[PDB]
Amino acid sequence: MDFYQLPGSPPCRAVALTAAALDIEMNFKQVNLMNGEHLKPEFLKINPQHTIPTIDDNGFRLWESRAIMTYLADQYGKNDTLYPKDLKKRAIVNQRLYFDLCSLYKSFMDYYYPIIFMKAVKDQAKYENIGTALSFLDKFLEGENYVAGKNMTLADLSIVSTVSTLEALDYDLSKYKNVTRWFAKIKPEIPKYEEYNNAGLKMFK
């Protein structure tokens, strides 16, 4: 399995953490210089034509990190808990994966990408949207050990790829007491968290 990634992006780290949680080996490919001038057509035809991350699983090309994550869990997961077969529990993981993409990750990107990439002026309205997403996440975690069920699921891995990035960028999570509790307990439980997530956080920190 080939894994086309940019080590910094939360979606890439979400997929990497999922593979680590499932004990799946992947051949990591870095697509940094893929948009550089004069890359051979033969190099550009292997370049994923859509978004990063992308996997190539014996010719099966799949982009969209959260679709990759649920594919990997079912195709290669030895047991249930990461993405339960039970339809109600699965629906809640799915629900939380959509929340992660449209509230948490979107708010993270909307605020930090103008700053980090374009060196632009901080948007105070966009900054508060992060807090709004975290307040929802904090409510999901009220009285709960995990974001989307009684065990760690894919939704924990996807959400932690962004929450860990917020903390690396010095966003204070303390007021979100359930998010802070969850983030502290989840890191030691995530297989190879340091290797596959904290490594990529360095560019931000």
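Residue indices: 1-based, along the sequence shown.
Asks: If you take the mean CA temperature factor per stretch, which one wins between 152 to 160 and 170 to 178?
Replies: Averaged over C-alpha atoms, the B-factors run higher in 170 to 178.
Asks: Please work out which of 39 to 47 and 138 to 146 has the higher mean CA B-factor as recorded in the PDB entry.
Replies: Between 39 to 47 and 138 to 146, it is 39 to 47.
Asks: Looking at 69, 62, 31, 26, which has the highest CA B-factor as recorded?
Replies: Comparing C-alpha B-factors across 69, 62, 31, 26, the top value belongs to 31.
Asks: Tell me which of 115, 133, 92, 101 tops the list for C-alpha B factor in the record.
Replies: Among 115, 133, 92, 101, the highest C-alpha B-factor in the entry belongs to 115.
Asks: Ranking every modelled residue in this chain by its Cα temperature factor as given in the entry, which third contains residue 129?
Replies: According to the entry, residue 129 has a C-alpha B-factor in the chain's highest third.
Asks: Taking only the Cα B-factors deposited for this chain, tell me whether residue 111 sits in the lowest, middle or highest third.
Replies: Its C-alpha B-factor, which the entry lists for residue 111, ranks in the highest third among residues of this chain.
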